[PDB]
file target.cif (mmCIF, N, CA, C and O atoms)
data_protein
#
loop_
_atom_site.label_atom_id
_atom_site.label_comp_id
_atom_site.auth_asym_id
_atom_site.auth_seq_id
_atom_site.Cartn_x
_atom_site.Cartn_y
_atom_site.Cartn_z
N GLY K 103 -23.79 -39.99 -38.56
CA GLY K 103 -24.86 -39.14 -38.06
C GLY K 103 -25.36 -39.56 -36.69
O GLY K 103 -25.75 -38.72 -35.88
N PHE K 104 -25.36 -40.87 -36.42
CA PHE K 104 -25.73 -41.34 -35.09
C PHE K 104 -24.68 -40.96 -34.05
O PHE K 104 -25.01 -40.63 -32.91
N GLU K 105 -23.40 -41.01 -34.43
CA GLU K 105 -22.34 -40.60 -33.52
C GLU K 105 -22.42 -39.11 -33.22
O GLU K 105 -22.23 -38.69 -32.07
N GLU K 106 -22.70 -38.30 -34.24
CA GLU K 106 -22.83 -36.86 -34.03
C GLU K 106 -24.04 -36.53 -33.16
O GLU K 106 -23.97 -35.63 -32.31
N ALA K 107 -25.14 -37.26 -33.35
CA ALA K 107 -26.34 -37.01 -32.54
C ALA K 107 -26.10 -37.39 -31.09
O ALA K 107 -26.71 -36.81 -30.18
N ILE K 108 -25.23 -38.37 -30.84
CA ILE K 108 -24.87 -38.72 -29.47
C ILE K 108 -24.09 -37.58 -28.83
O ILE K 108 -24.36 -37.18 -27.69
N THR K 109 -23.12 -37.02 -29.56
CA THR K 109 -22.29 -35.96 -29.01
C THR K 109 -23.09 -34.69 -28.76
O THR K 109 -22.83 -33.95 -27.81
N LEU K 110 -24.07 -34.41 -29.63
CA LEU K 110 -24.94 -33.26 -29.41
C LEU K 110 -25.77 -33.43 -28.14
O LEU K 110 -25.98 -32.46 -27.41
N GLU K 111 -26.24 -34.65 -27.88
CA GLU K 111 -26.96 -34.90 -26.63
C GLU K 111 -26.03 -34.79 -25.43
O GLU K 111 -26.45 -34.38 -24.35
N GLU K 112 -24.76 -35.16 -25.61
CA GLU K 112 -23.78 -35.01 -24.54
C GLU K 112 -23.58 -33.54 -24.18
O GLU K 112 -23.48 -33.19 -23.00
N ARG K 113 -23.52 -32.67 -25.19
CA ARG K 113 -23.40 -31.24 -24.93
C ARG K 113 -24.65 -30.70 -24.25
O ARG K 113 -24.56 -29.81 -23.39
N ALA K 114 -25.83 -31.20 -24.64
CA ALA K 114 -27.07 -30.74 -24.04
C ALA K 114 -27.14 -31.10 -22.57
O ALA K 114 -27.64 -30.32 -21.75
N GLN K 115 -26.66 -32.29 -22.21
CA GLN K 115 -26.62 -32.68 -20.81
C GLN K 115 -25.64 -31.81 -20.02
O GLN K 115 -25.91 -31.44 -18.87
N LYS K 116 -24.50 -31.47 -20.63
CA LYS K 116 -23.52 -30.64 -19.96
C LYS K 116 -24.04 -29.22 -19.74
O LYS K 116 -23.74 -28.60 -18.71
N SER K 117 -24.82 -28.70 -20.69
CA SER K 117 -25.41 -27.38 -20.51
C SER K 117 -26.43 -27.39 -19.38
O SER K 117 -26.61 -26.38 -18.69
N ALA K 118 -27.12 -28.51 -19.20
CA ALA K 118 -28.02 -28.64 -18.06
C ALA K 118 -27.25 -28.66 -16.75
O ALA K 118 -27.75 -28.17 -15.73
N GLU K 119 -26.04 -29.21 -16.75
CA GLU K 119 -25.22 -29.23 -15.55
C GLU K 119 -24.73 -27.83 -15.19
O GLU K 119 -24.56 -27.50 -14.01
N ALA K 120 -24.49 -26.99 -16.20
CA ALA K 120 -24.00 -25.64 -15.96
C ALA K 120 -25.10 -24.66 -15.59
O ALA K 120 -24.81 -23.49 -15.34
N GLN K 121 -26.36 -25.12 -15.55
CA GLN K 121 -27.46 -24.26 -15.14
C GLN K 121 -27.29 -23.80 -13.70
O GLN K 121 -27.72 -22.69 -13.33
N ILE K 122 -26.67 -24.63 -12.86
CA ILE K 122 -26.49 -24.30 -11.45
C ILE K 122 -25.54 -23.12 -11.30
O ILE K 122 -25.78 -22.22 -10.49
N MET K 123 -24.44 -23.11 -12.05
CA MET K 123 -23.49 -22.01 -11.95
C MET K 123 -24.07 -20.72 -12.50
O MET K 123 -23.66 -19.63 -12.08
N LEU K 124 -25.02 -20.81 -13.43
CA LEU K 124 -25.76 -19.63 -13.86
C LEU K 124 -26.58 -19.05 -12.70
O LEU K 124 -26.61 -17.83 -12.50
N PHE K 125 -27.23 -19.93 -11.93
CA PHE K 125 -27.99 -19.48 -10.77
C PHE K 125 -27.09 -18.82 -9.73
O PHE K 125 -27.46 -17.80 -9.14
N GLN K 126 -25.92 -19.40 -9.49
CA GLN K 126 -24.96 -18.78 -8.59
C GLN K 126 -24.49 -17.44 -9.13
O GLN K 126 -24.30 -16.49 -8.36
N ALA K 127 -24.32 -17.33 -10.45
CA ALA K 127 -23.97 -16.05 -11.06
C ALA K 127 -25.08 -15.03 -10.87
O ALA K 127 -24.81 -13.84 -10.68
N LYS K 128 -26.34 -15.48 -10.94
CA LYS K 128 -27.45 -14.58 -10.66
C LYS K 128 -27.47 -14.16 -9.20
O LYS K 128 -27.77 -13.01 -8.88
N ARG K 129 -27.16 -15.09 -8.29
CA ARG K 129 -27.11 -14.76 -6.87
C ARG K 129 -25.99 -13.78 -6.57
O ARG K 129 -26.17 -12.84 -5.78
N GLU K 130 -24.82 -13.98 -7.19
CA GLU K 130 -23.73 -13.03 -7.00
C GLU K 130 -24.03 -11.69 -7.66
O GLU K 130 -23.56 -10.65 -7.18
N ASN K 131 -24.79 -11.70 -8.75
CA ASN K 131 -25.16 -10.44 -9.40
C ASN K 131 -26.06 -9.61 -8.50
O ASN K 131 -25.93 -8.38 -8.45
N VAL K 132 -26.97 -10.26 -7.78
CA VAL K 132 -27.82 -9.54 -6.83
C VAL K 132 -26.99 -9.01 -5.67
O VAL K 132 -27.15 -7.86 -5.25
N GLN K 133 -26.08 -9.84 -5.15
CA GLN K 133 -25.26 -9.42 -4.02
C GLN K 133 -24.30 -8.30 -4.40
O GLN K 133 -24.01 -7.42 -3.59
N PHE K 134 -23.80 -8.32 -5.64
CA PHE K 134 -22.93 -7.24 -6.11
C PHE K 134 -23.67 -5.92 -6.16
O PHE K 134 -23.13 -4.88 -5.77
N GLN K 135 -24.92 -5.93 -6.64
CA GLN K 135 -25.70 -4.70 -6.71
C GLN K 135 -25.99 -4.15 -5.32
O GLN K 135 -25.89 -2.94 -5.08
N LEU K 136 -26.34 -5.03 -4.38
CA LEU K 136 -26.64 -4.59 -3.02
C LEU K 136 -25.39 -4.08 -2.33
O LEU K 136 -25.46 -3.19 -1.47
N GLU K 137 -24.22 -4.63 -2.67
CA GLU K 137 -22.98 -4.13 -2.11
C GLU K 137 -22.62 -2.76 -2.67
O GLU K 137 -22.24 -1.85 -1.93
N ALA K 138 -22.75 -2.59 -3.99
CA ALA K 138 -22.39 -1.32 -4.61
C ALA K 138 -23.30 -0.19 -4.14
O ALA K 138 -22.86 0.96 -4.02
N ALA K 139 -24.56 -0.51 -3.85
CA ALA K 139 -25.47 0.51 -3.34
C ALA K 139 -25.18 0.85 -1.88
O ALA K 139 -25.19 2.03 -1.50
N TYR K 140 -24.92 -0.16 -1.06
CA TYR K 140 -24.71 0.09 0.36
C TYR K 140 -23.37 0.74 0.62
O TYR K 140 -23.25 1.60 1.49
N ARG K 141 -22.34 0.35 -0.13
CA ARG K 141 -21.01 0.89 0.12
C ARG K 141 -20.86 2.32 -0.40
O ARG K 141 -20.08 3.10 0.15
N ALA K 142 -21.60 2.68 -1.46
CA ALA K 142 -21.61 4.06 -1.93
C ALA K 142 -22.22 4.99 -0.89
O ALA K 142 -21.75 6.12 -0.71
N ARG K 143 -23.28 4.54 -0.21
CA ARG K 143 -23.82 5.29 0.91
C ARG K 143 -22.79 5.43 2.02
O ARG K 143 -22.68 6.49 2.64
N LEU K 144 -22.02 4.37 2.28
CA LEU K 144 -20.94 4.46 3.25
C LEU K 144 -19.86 5.43 2.77
O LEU K 144 -19.25 6.14 3.58
N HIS K 145 -19.62 5.47 1.46
CA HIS K 145 -18.73 6.48 0.91
C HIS K 145 -19.38 7.86 0.97
O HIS K 145 -18.70 8.87 1.21
N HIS K 146 -20.69 7.93 0.75
CA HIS K 146 -21.39 9.21 0.79
C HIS K 146 -21.47 9.77 2.20
O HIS K 146 -21.39 10.98 2.40
N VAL K 147 -21.63 8.89 3.20
CA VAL K 147 -21.63 9.32 4.59
C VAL K 147 -20.27 9.89 4.97
O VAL K 147 -20.18 10.95 5.61
N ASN K 148 -19.19 9.22 4.55
CA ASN K 148 -17.85 9.71 4.83
C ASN K 148 -17.58 11.05 4.14
O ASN K 148 -16.93 11.93 4.71
N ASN K 149 -18.09 11.21 2.92
CA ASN K 149 -17.94 12.49 2.22
C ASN K 149 -18.77 13.59 2.87
O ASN K 149 -18.36 14.75 2.88
N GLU K 150 -19.95 13.24 3.41
CA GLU K 150 -20.77 14.24 4.09
C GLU K 150 -20.13 14.70 5.39
O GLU K 150 -20.22 15.88 5.75
N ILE K 151 -19.50 13.78 6.12
CA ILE K 151 -18.78 14.16 7.33
C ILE K 151 -17.57 15.02 6.99
O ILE K 151 -17.28 16.01 7.68
N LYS K 152 -16.87 14.68 5.91
CA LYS K 152 -15.77 15.52 5.43
C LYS K 152 -16.29 16.88 4.98
O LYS K 152 -15.61 17.91 5.16
N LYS K 153 -17.48 16.92 4.38
CA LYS K 153 -18.11 18.18 4.01
C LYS K 153 -18.43 19.02 5.25
O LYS K 153 -18.26 20.24 5.24
N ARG K 154 -18.92 18.37 6.31
CA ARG K 154 -19.17 19.09 7.56
C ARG K 154 -17.88 19.61 8.18
O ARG K 154 -17.85 20.72 8.72
N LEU K 155 -16.81 18.81 8.13
CA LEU K 155 -15.52 19.26 8.64
C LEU K 155 -14.96 20.41 7.80
O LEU K 155 -14.35 21.34 8.34
N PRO D 8 -58.42 -70.88 -84.80
CA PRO D 8 -58.53 -70.70 -83.35
C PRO D 8 -58.03 -69.33 -82.90
O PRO D 8 -57.07 -69.26 -82.13
N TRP D 9 -58.67 -68.26 -83.38
CA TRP D 9 -58.23 -66.92 -83.04
C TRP D 9 -58.44 -66.60 -81.56
O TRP D 9 -57.68 -65.82 -80.98
N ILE D 10 -59.47 -67.19 -80.95
CA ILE D 10 -59.79 -66.88 -79.56
C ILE D 10 -58.70 -67.40 -78.63
O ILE D 10 -58.31 -66.71 -77.68
N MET D 11 -58.20 -68.61 -78.88
CA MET D 11 -57.15 -69.16 -78.04
C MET D 11 -55.84 -68.42 -78.23
O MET D 11 -55.09 -68.22 -77.27
N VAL D 12 -55.54 -67.99 -79.46
CA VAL D 12 -54.33 -67.22 -79.71
C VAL D 12 -54.42 -65.85 -79.06
O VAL D 12 -53.44 -65.34 -78.50
N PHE D 13 -55.60 -65.23 -79.11
CA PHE D 13 -55.78 -63.92 -78.48
C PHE D 13 -55.63 -64.01 -76.97
O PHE D 13 -55.03 -63.12 -76.35
N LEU D 14 -56.17 -65.06 -76.35
CA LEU D 14 -56.09 -65.20 -74.90
C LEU D 14 -54.66 -65.39 -74.44
O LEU D 14 -54.25 -64.82 -73.42
N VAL D 15 -53.88 -66.19 -75.17
CA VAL D 15 -52.48 -66.42 -74.80
C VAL D 15 -51.68 -65.13 -74.92
O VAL D 15 -50.87 -64.80 -74.05
N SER D 16 -51.89 -64.38 -76.00
CA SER D 16 -51.18 -63.12 -76.20
C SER D 16 -51.52 -62.11 -75.12
O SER D 16 -50.64 -61.40 -74.62
N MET D 17 -52.80 -62.01 -74.74
CA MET D 17 -53.19 -61.10 -73.68
C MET D 17 -52.65 -61.56 -72.33
O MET D 17 -52.22 -60.74 -71.51
N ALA D 18 -52.67 -62.87 -72.08
CA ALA D 18 -52.11 -63.39 -70.84
C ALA D 18 -50.60 -63.16 -70.79
O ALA D 18 -50.05 -62.88 -69.72
N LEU D 19 -49.93 -63.29 -71.93
CA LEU D 19 -48.52 -62.95 -72.00
C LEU D 19 -48.30 -61.47 -71.72
O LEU D 19 -47.38 -61.10 -70.98
N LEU D 20 -49.15 -60.61 -72.29
CA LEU D 20 -49.01 -59.17 -72.08
C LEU D 20 -49.20 -58.81 -70.62
O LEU D 20 -48.53 -57.92 -70.09
N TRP D 21 -50.12 -59.51 -69.94
CA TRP D 21 -50.28 -59.29 -68.51
C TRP D 21 -49.06 -59.77 -67.74
O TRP D 21 -48.62 -59.12 -66.78
N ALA D 22 -48.47 -60.89 -68.16
CA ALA D 22 -47.32 -61.43 -67.44
C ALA D 22 -46.08 -60.58 -67.66
O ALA D 22 -45.25 -60.45 -66.75
N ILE D 23 -45.92 -60.02 -68.85
CA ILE D 23 -44.81 -59.10 -69.09
C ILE D 23 -45.01 -57.81 -68.31
O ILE D 23 -44.06 -57.24 -67.77
N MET D 24 -46.26 -57.35 -68.22
CA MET D 24 -46.55 -56.11 -67.50
C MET D 24 -46.25 -56.25 -66.02
O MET D 24 -45.71 -55.32 -65.40
N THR D 25 -46.58 -57.39 -65.43
CA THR D 25 -46.27 -57.62 -64.02
C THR D 25 -44.77 -57.70 -63.79
O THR D 25 -44.26 -57.19 -62.79
N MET D 26 -44.04 -58.34 -64.71
CA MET D 26 -42.60 -58.45 -64.57
C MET D 26 -41.92 -57.09 -64.67
O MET D 26 -40.95 -56.82 -63.95
N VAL D 27 -42.44 -56.22 -65.53
CA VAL D 27 -41.93 -54.85 -65.61
C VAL D 27 -42.20 -54.10 -64.31
O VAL D 27 -41.37 -53.32 -63.84
N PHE D 28 -43.36 -54.36 -63.70
CA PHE D 28 -43.78 -53.60 -62.53
C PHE D 28 -42.84 -53.82 -61.35
O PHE D 28 -42.57 -52.89 -60.59
N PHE D 29 -42.34 -55.03 -61.18
CA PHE D 29 -41.39 -55.31 -60.12
C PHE D 29 -39.95 -55.12 -60.56
O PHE D 29 -39.04 -55.28 -59.74
N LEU D 30 -39.71 -54.79 -61.82
CA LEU D 30 -38.35 -54.62 -62.32
C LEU D 30 -37.88 -53.22 -61.94
O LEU D 30 -38.13 -52.26 -62.66
N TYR D 31 -37.18 -53.12 -60.82
CA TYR D 31 -36.72 -51.83 -60.33
C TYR D 31 -35.58 -52.05 -59.36
O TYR D 31 -35.27 -53.18 -58.98
N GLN D 32 -34.96 -50.94 -58.95
CA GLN D 32 -33.87 -50.97 -57.98
C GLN D 32 -34.24 -50.14 -56.76
O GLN D 32 -34.26 -48.90 -56.85
N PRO D 33 -34.55 -50.76 -55.62
CA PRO D 33 -34.79 -49.98 -54.41
C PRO D 33 -33.51 -49.34 -53.91
O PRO D 33 -32.41 -49.88 -54.10
N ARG D 34 -33.65 -48.18 -53.29
CA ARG D 34 -32.53 -47.45 -52.73
C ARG D 34 -32.87 -46.98 -51.33
O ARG D 34 -34.04 -46.77 -50.99
N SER D 35 -31.84 -46.82 -50.51
CA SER D 35 -31.97 -46.27 -49.16
C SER D 35 -31.08 -45.03 -49.10
O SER D 35 -29.87 -45.13 -48.88
N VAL D 36 -31.68 -43.86 -49.31
CA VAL D 36 -30.93 -42.61 -49.41
C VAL D 36 -31.35 -41.66 -48.30
O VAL D 36 -31.28 -40.44 -48.46
N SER D 37 -31.78 -42.21 -47.17
CA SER D 37 -32.23 -41.42 -46.03
C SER D 37 -31.23 -41.61 -44.90
O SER D 37 -31.37 -42.50 -44.06
N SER D 38 -30.21 -40.75 -44.88
CA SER D 38 -29.18 -40.81 -43.85
C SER D 38 -29.67 -40.09 -42.59
O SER D 38 -30.82 -39.67 -42.49
N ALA D 39 -28.77 -39.92 -41.62
CA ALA D 39 -29.09 -39.27 -40.35
C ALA D 39 -28.77 -37.78 -40.37
O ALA D 39 -28.45 -37.21 -39.32
N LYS D 40 -28.83 -37.14 -41.54
CA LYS D 40 -28.58 -35.70 -41.63
C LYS D 40 -29.64 -34.91 -40.89
O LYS D 40 -29.33 -33.91 -40.22
N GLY D 41 -30.91 -35.32 -41.00
CA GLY D 41 -31.97 -34.67 -40.26
C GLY D 41 -31.90 -34.88 -38.76
O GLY D 41 -32.41 -34.06 -38.00
N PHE D 42 -31.26 -35.97 -38.32
CA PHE D 42 -31.05 -36.19 -36.90
C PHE D 42 -30.09 -35.17 -36.31
O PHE D 42 -30.18 -34.84 -35.12
N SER D 43 -29.15 -34.67 -37.11
CA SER D 43 -28.22 -33.65 -36.66
C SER D 43 -28.85 -32.27 -36.53
O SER D 43 -28.23 -31.37 -35.95
N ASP D 44 -30.06 -32.08 -37.06
CA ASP D 44 -30.76 -30.81 -36.95
C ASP D 44 -31.77 -30.79 -35.80
O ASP D 44 -32.47 -29.79 -35.63
N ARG D 45 -31.84 -31.87 -35.02
CA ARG D 45 -32.79 -31.99 -33.91
C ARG D 45 -32.11 -31.80 -32.57
O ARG D 45 -32.43 -32.49 -31.59
N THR D 46 -31.17 -30.86 -32.49
CA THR D 46 -30.41 -30.60 -31.27
C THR D 46 -31.33 -29.94 -30.25
O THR D 46 -31.56 -28.73 -30.30
N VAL D 47 -31.86 -30.73 -29.32
CA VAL D 47 -32.73 -30.20 -28.28
C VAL D 47 -31.86 -29.59 -27.19
O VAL D 47 -30.98 -30.26 -26.64
N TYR D 48 -32.11 -28.33 -26.87
CA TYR D 48 -31.29 -27.59 -25.92
C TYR D 48 -32.18 -26.91 -24.89
O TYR D 48 -33.25 -26.39 -25.21
N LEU D 49 -31.71 -26.92 -23.64
CA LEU D 49 -32.50 -26.40 -22.54
C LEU D 49 -32.55 -24.88 -22.55
O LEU D 49 -31.53 -24.21 -22.74
N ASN D 50 -33.75 -24.34 -22.36
CA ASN D 50 -33.89 -22.91 -22.14
C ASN D 50 -33.32 -22.53 -20.79
O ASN D 50 -33.60 -23.18 -19.78
N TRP D 51 -32.51 -21.47 -20.76
CA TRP D 51 -31.80 -21.08 -19.55
C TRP D 51 -32.65 -20.11 -18.74
O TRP D 51 -33.24 -19.18 -19.29
N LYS D 52 -32.70 -20.34 -17.43
CA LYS D 52 -33.46 -19.47 -16.53
C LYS D 52 -32.72 -18.16 -16.33
O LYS D 52 -31.92 -18.02 -15.40
N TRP D 53 -32.99 -17.18 -17.20
CA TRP D 53 -32.28 -15.91 -17.16
C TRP D 53 -32.66 -15.08 -15.94
O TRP D 53 -33.53 -15.45 -15.15
#
call {"tool": "encode", "arguments": {"input": "target.cif", "output": "structure tokens"}}
result
Amino acid sequence: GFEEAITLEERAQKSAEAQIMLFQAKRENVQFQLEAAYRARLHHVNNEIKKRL
Amino acid sequence: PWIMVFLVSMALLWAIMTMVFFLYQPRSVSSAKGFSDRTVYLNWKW
């Protein structure tokens, strides 16, 4: 039981280490949304010019 | 001498009673099973 409790604490420390990559995933999630919104407008502008043509 | 015989018998009864009181088997049956249920885990900043 003491050996198992050590390994459980080892996993808890590793999950604390992976908190940083979660933050990067949140940062990329924000950047993905801003890209999908801005590029659709760029697609919409191109479609509007094609509509004018 | 009934008084002296009574006192010895009662003193014997007290001595047998004390010997019975410590006549037992201690056990240690508290393992670390509850330690395995104390997995402290960090709340993630969602």
call {"tool": "atom_distance", "arguments": {"input": "target.cif", "atom1": "CA of residue 48 in chain D", "atom2": "CA of residue 127 in chain K"}}
result
20.2 Å
call {"tool": "interface_residues", "arguments": {"input": "target.cif", "of": "chain D", "to": "chain K", "cutoff": "10 Å", "atoms": "only C-alpha atoms", "output": "PyMOL selection string"}}
result
chain D and resi 38-53
call {"tool": "atom_distance", "arguments": {"input": "target.cif", "atom1": "CA of residue 26 in chain D", "atom2": "CA of residue 12 in chain D"}}
result
21.1 Å
call {"tool": "atom_distance", "arguments": {"input": "target.cif", "atom1": "atom O of residue 141 in chain K", "atom2": "CA of residue 153 in chain K"}}
result
15.7 Å
call {"tool": "select_by_dssp", "arguments": {"input": "target.cif", "residues": "chain D", "states": "alpha helix (DSSP H)", "output": "number ranges by chain"}}
result
D: 9-28
call {"tool": "write_last_selection", "arguments": {"input": "target.cif", "atoms": "N, CA, C and O atoms", "output": "mmCIF file, in the coordinates of the input"}}
result
data_model
loop_
_atom_site.group_PDB
_atom_site.id
_atom_site.type_symbol
_atom_site.label_atom_id
_atom_site.label_comp_id
_atom_site.auth_asym_id
_atom_site.auth_seq_id
_atom_site.Cartn_x
_atom_site.Cartn_y
_atom_site.Cartn_z
ATOM 1 N N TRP D 9 -58.670 -68.260 -83.380
ATOM 2 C CA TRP D 9 -58.230 -66.920 -83.040
ATOM 3 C C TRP D 9 -58.440 -66.600 -81.560
ATOM 4 O O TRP D 9 -57.680 -65.820 -80.980
ATOM 5 N N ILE D 10 -59.470 -67.190 -80.950
ATOM 6 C CA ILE D 10 -59.790 -66.880 -79.560
ATOM 7 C C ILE D 10 -58.700 -67.400 -78.630
ATOM 8 O O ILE D 10 -58.310 -66.710 -77.680
ATOM 9 N N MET D 11 -58.200 -68.610 -78.880
ATOM 10 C CA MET D 11 -57.150 -69.160 -78.040
ATOM 11 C C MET D 11 -55.840 -68.420 -78.230
ATOM 12 O O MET D 11 -55.090 -68.220 -77.270
ATOM 13 N N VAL D 12 -55.540 -67.990 -79.460
ATOM 14 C CA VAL D 12 -54.330 -67.220 -79.710
ATOM 15 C C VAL D 12 -54.420 -65.850 -79.060
ATOM 16 O O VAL D 12 -53.440 -65.340 -78.500
ATOM 17 N N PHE D 13 -55.600 -65.230 -79.110
ATOM 18 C CA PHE D 13 -55.780 -63.920 -78.480
ATOM 19 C C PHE D 13 -55.630 -64.010 -76.970
ATOM 20 O O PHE D 13 -55.030 -63.120 -76.350
ATOM 21 N N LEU D 14 -56.170 -65.060 -76.350
ATOM 22 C CA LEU D 14 -56.090 -65.200 -74.900
ATOM 23 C C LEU D 14 -54.660 -65.390 -74.440
ATOM 24 O O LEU D 14 -54.250 -64.820 -73.420
ATOM 25 N N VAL D 15 -53.880 -66.190 -75.170
ATOM 26 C CA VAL D 15 -52.480 -66.420 -74.800
ATOM 27 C C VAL D 15 -51.680 -65.130 -74.920
ATOM 28 O O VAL D 15 -50.870 -64.800 -74.050
ATOM 29 N N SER D 16 -51.890 -64.380 -76.000
ATOM 30 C CA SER D 16 -51.180 -63.120 -76.200
ATOM 31 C C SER D 16 -51.520 -62.110 -75.120
ATOM 32 O O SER D 16 -50.640 -61.400 -74.620
ATOM 33 N N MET D 17 -52.800 -62.010 -74.740
ATOM 34 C CA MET D 17 -53.190 -61.100 -73.680
ATOM 35 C C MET D 17 -52.650 -61.560 -72.330
ATOM 36 O O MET D 17 -52.220 -60.740 -71.510
ATOM 37 N N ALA D 18 -52.670 -62.870 -72.080
ATOM 38 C CA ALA D 18 -52.110 -63.390 -70.840
ATOM 39 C C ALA D 18 -50.600 -63.160 -70.790
ATOM 40 O O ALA D 18 -50.050 -62.880 -69.720
ATOM 41 N N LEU D 19 -49.930 -63.290 -71.930
ATOM 42 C CA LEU D 19 -48.520 -62.950 -72.000
ATOM 43 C C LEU D 19 -48.300 -61.470 -71.720
ATOM 44 O O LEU D 19 -47.380 -61.100 -70.980
ATOM 45 N N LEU D 20 -49.150 -60.610 -72.290
ATOM 46 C CA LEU D 20 -49.010 -59.170 -72.080
ATOM 47 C C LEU D 20 -49.200 -58.810 -70.620
ATOM 48 O O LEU D 20 -48.530 -57.920 -70.090
ATOM 49 N N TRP D 21 -50.120 -59.510 -69.940
ATOM 50 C CA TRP D 21 -50.280 -59.290 -68.510
ATOM 51 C C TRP D 21 -49.060 -59.770 -67.740
ATOM 52 O O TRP D 21 -48.620 -59.120 -66.780
ATOM 53 N N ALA D 22 -48.470 -60.890 -68.160
ATOM 54 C CA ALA D 22 -47.320 -61.430 -67.440
ATOM 55 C C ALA D 22 -46.080 -60.580 -67.660
ATOM 56 O O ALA D 22 -45.250 -60.450 -66.750
ATOM 57 N N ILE D 23 -45.920 -60.020 -68.850
ATOM 58 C CA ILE D 23 -44.810 -59.100 -69.090
ATOM 59 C C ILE D 23 -45.010 -57.810 -68.310
ATOM 60 O O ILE D 23 -44.060 -57.240 -67.770
ATOM 61 N N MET D 24 -46.260 -57.350 -68.220
ATOM 62 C CA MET D 24 -46.550 -56.110 -67.500
ATOM 63 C C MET D 24 -46.250 -56.250 -66.020
ATOM 64 O O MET D 24 -45.710 -55.320 -65.400
ATOM 65 N N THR D 25 -46.580 -57.390 -65.430
ATOM 66 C CA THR D 25 -46.270 -57.620 -64.020
ATOM 67 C C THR D 25 -44.770 -57.700 -63.790
ATOM 68 O O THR D 25 -44.260 -57.190 -62.790
ATOM 69 N N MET D 26 -44.040 -58.340 -64.710
ATOM 70 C CA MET D 26 -42.600 -58.450 -64.570
ATOM 71 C C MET D 26 -41.920 -57.090 -64.670
ATOM 72 O O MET D 26 -40.950 -56.820 -63.950
ATOM 73 N N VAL D 27 -42.440 -56.220 -65.530
ATOM 74 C CA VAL D 27 -41.930 -54.850 -65.610
ATOM 75 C C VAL D 27 -42.200 -54.100 -64.310
ATOM 76 O O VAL D 27 -41.370 -53.320 -63.840
ATOM 77 N N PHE D 28 -43.360 -54.360 -63.700
ATOM 78 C CA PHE D 28 -43.780 -53.600 -62.530
ATOM 79 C C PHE D 28 -42.840 -53.820 -61.350
ATOM 80 O O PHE D 28 -42.570 -52.890 -60.590
#
call {"tool": "decode", "arguments": {"input": "target.cif", "residues": "range 103-135 of chain K", "atoms": "C-alpha atoms", "output": "mmCIF file, in the first residue's frame"}}
result
data_model
loop_
_atom_site.group_PDB
_atom_site.id
_atom_site.type_symbol
_atom_site.label_atom_id
_atom_site.label_comp_id
_atom_site.auth_asym_id
_atom_site.auth_seq_id
_atom_site.Cartn_x
_atom_site.Cartn_y
_atom_site.Cartn_z
ATOM 1 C CA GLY K 103 0.000 0.000 0.000
ATOM 2 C CA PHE K 104 2.900 2.369 0.628
ATOM 3 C CA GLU K 105 4.380 1.503 -2.772
ATOM 4 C CA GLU K 106 1.033 2.129 -4.475
ATOM 5 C CA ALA K 107 0.611 5.450 -2.659
ATOM 6 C CA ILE K 108 4.042 6.489 -3.939
ATOM 7 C CA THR K 109 3.091 5.688 -7.540
ATOM 8 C CA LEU K 110 -0.193 7.583 -7.200
ATOM 9 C CA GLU K 111 1.749 10.644 -6.053
ATOM 10 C CA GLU K 112 4.080 10.154 -9.024
ATOM 11 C CA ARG K 113 1.093 10.311 -11.380
ATOM 12 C CA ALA K 114 -0.206 13.417 -9.594
ATOM 13 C CA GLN K 115 3.118 15.183 -10.118
ATOM 14 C CA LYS K 116 3.113 14.206 -13.801
ATOM 15 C CA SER K 117 -0.400 15.603 -14.252
ATOM 16 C CA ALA K 118 0.863 18.871 -12.784
ATOM 17 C CA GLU K 119 3.633 18.846 -15.397
ATOM 18 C CA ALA K 120 1.091 18.413 -18.207
ATOM 19 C CA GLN K 121 -0.847 21.496 -17.058
ATOM 20 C CA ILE K 122 1.424 23.612 -19.269
ATOM 21 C CA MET K 123 0.501 21.740 -22.453
ATOM 22 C CA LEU K 124 -3.163 22.217 -21.539
ATOM 23 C CA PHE K 125 -2.532 25.974 -21.454
ATOM 24 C CA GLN K 126 -0.836 25.784 -24.853
ATOM 25 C CA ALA K 127 -3.847 23.815 -26.100
ATOM 26 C CA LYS K 128 -6.081 26.609 -24.815
ATOM 27 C CA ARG K 129 -3.880 29.187 -26.564
ATOM 28 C CA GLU K 130 -4.041 27.236 -29.825
ATOM 29 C CA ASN K 131 -7.804 26.842 -29.392
ATOM 30 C CA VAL K 132 -8.178 30.629 -29.244
ATOM 31 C CA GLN K 133 -5.891 31.108 -32.248
ATOM 32 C CA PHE K 134 -7.787 28.457 -34.228
ATOM 33 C CA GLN K 135 -11.092 30.253 -33.641
#
